[PDB]
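As structure tokens, the structure follows; a few thoughts come after it.
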Amino acid sequence: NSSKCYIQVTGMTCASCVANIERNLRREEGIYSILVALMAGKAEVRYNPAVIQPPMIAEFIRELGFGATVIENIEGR
């Protein structure tokens, strides 16, 4: 637990969209750190799959109409 989940978002280029997503994720009960790989069109959340659960993270992004796709790596490396 407390690991990295990778995400990609179909509109990373939309500047403030990532900043919105950051904040949104930041609050969530299990997120220790937000996404940032706008640079190349990825997102990297430090998440804690006990409370939150990875699909709920993905849902959270999709709420603002963003086509999120999610790559959970492993529960800790």
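By convention in this document, the chains of the structure tokens carry letters A, B, ... by their order, each chain's residues are numbered from 1, and ligands are numbered from 1 in the order they are shown.
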
Would you mind listing what lies within 12 Å of residue 6 in chain A as a list in words, with only C-alpha atoms counted and same-chain residues fewer than 4 positions away left out?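 Everything that qualifies: residues 33, 34, 35, 36, 37, 41, 42, 43, 44, 45, 46, 47, 54, 57, 58, 68, 69, 70, 71, 72, 73 and 74 of chain A.
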
Would you return as a PyMOL selection string the members of chain A that DSSP assigns to strand (DSSP E) on this structure's backbone? chain A and resi 3-9+43-47+68-72

Expected file contents, prior selection, N, CA and C atoms, as a short mmCIF file (atom, residue, chain, number, x, y, z; two decimals), in the first residue's frame:
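Saved the output as result.cif:
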```
data_model
loop_
_atom_site.label_atom_id
_atom_site.label_comp_id
_atom_site.auth_asym_id
_atom_site.auth_seq_id
_atom_site.Cartn_x
_atom_site.Cartn_y
_atom_site.Cartn_z
N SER A 3 1.55 3.46 -2.94
CA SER A 3 2.29 3.18 -4.16
C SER A 3 1.96 4.21 -5.23
N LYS A 4 2.60 4.08 -6.39
CA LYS A 4 2.37 4.89 -7.57
C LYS A 4 1.35 4.21 -8.49
N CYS A 5 0.29 4.92 -8.87
CA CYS A 5 -0.57 4.52 -9.98
C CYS A 5 -0.33 5.51 -11.11
N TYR A 6 -0.14 5.00 -12.33
CA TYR A 6 0.03 5.83 -13.50
C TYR A 6 -1.35 6.00 -14.11
N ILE A 7 -1.56 7.13 -14.76
CA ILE A 7 -2.79 7.45 -15.47
C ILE A 7 -2.37 8.20 -16.73
N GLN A 8 -3.19 8.16 -17.78
CA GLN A 8 -3.09 9.07 -18.91
C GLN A 8 -4.46 9.68 -19.12
N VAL A 9 -4.50 10.93 -19.61
CA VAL A 9 -5.74 11.67 -19.79
C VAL A 9 -5.82 12.25 -21.20
N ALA A 43 0.08 11.06 -16.08
CA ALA A 43 -0.29 11.46 -14.74
C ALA A 43 0.25 10.36 -13.81
N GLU A 44 0.77 10.73 -12.63
CA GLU A 44 1.36 9.79 -11.69
C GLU A 44 0.89 10.14 -10.28
N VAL A 45 -0.09 9.42 -9.75
CA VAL A 45 -0.63 9.69 -8.42
C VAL A 45 0.06 8.75 -7.42
N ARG A 46 0.49 9.27 -6.26
CA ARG A 46 0.78 8.39 -5.13
C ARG A 46 -0.54 8.15 -4.42
N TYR A 47 -1.00 6.90 -4.46
CA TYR A 47 -2.29 6.46 -3.98
C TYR A 47 -2.10 5.33 -2.98
N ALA A 68 -9.90 9.55 -18.89
CA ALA A 68 -8.81 8.99 -18.12
C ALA A 68 -8.68 7.50 -18.45
N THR A 69 -7.44 7.00 -18.50
CA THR A 69 -7.14 5.59 -18.59
C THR A 69 -6.01 5.33 -17.60
N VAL A 70 -6.09 4.21 -16.87
CA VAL A 70 -5.39 4.02 -15.61
C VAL A 70 -4.52 2.76 -15.68
N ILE A 71 -3.32 2.84 -15.11
CA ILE A 71 -2.33 1.78 -15.07
C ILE A 71 -1.81 1.72 -13.63
N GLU A 72 -2.47 0.90 -12.81
CA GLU A 72 -1.96 0.54 -11.51
C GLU A 72 -0.71 -0.32 -11.72
#
```

Which residues come within 12 Å of residue 56 in chain A, counting only C-alpha atoms, excluding same-chain residues fewer than 2 positions away, as a ChimeraX atom specification? /A:25,28-31,47-54,58-63,68,70

Report, in Å to a single decimal, how far apart CA of residue 10 in chain A and CA of residue 26 in chain A are.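 If I compute the distance from CA of residue 26 in chain A to CA of residue 10 in chain A, I get 20.1 Å.
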
Among range 25-77 of chain A, which residues carry a DSSP assignment of alpha helix (DSSP H), reported as a PyMOL selection string? chain A and resi 25-27+54-62

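Taking CA of residue 1 in chain A and CA of residue 67 in chain A as the two end points, the separation is 25.8 Å.
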
Nearest-residue call for residue 16 in chain A, choices A:38, A:75, A:65, A:55, using only C-alpha atoms: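 Among the listed residues, A:38 lies closest to residue 16 in chain A.
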
Among listed residues A:12, A:19, A:2, A:76, nearest residue 32 in chain A (using only C-alpha atoms): A:2
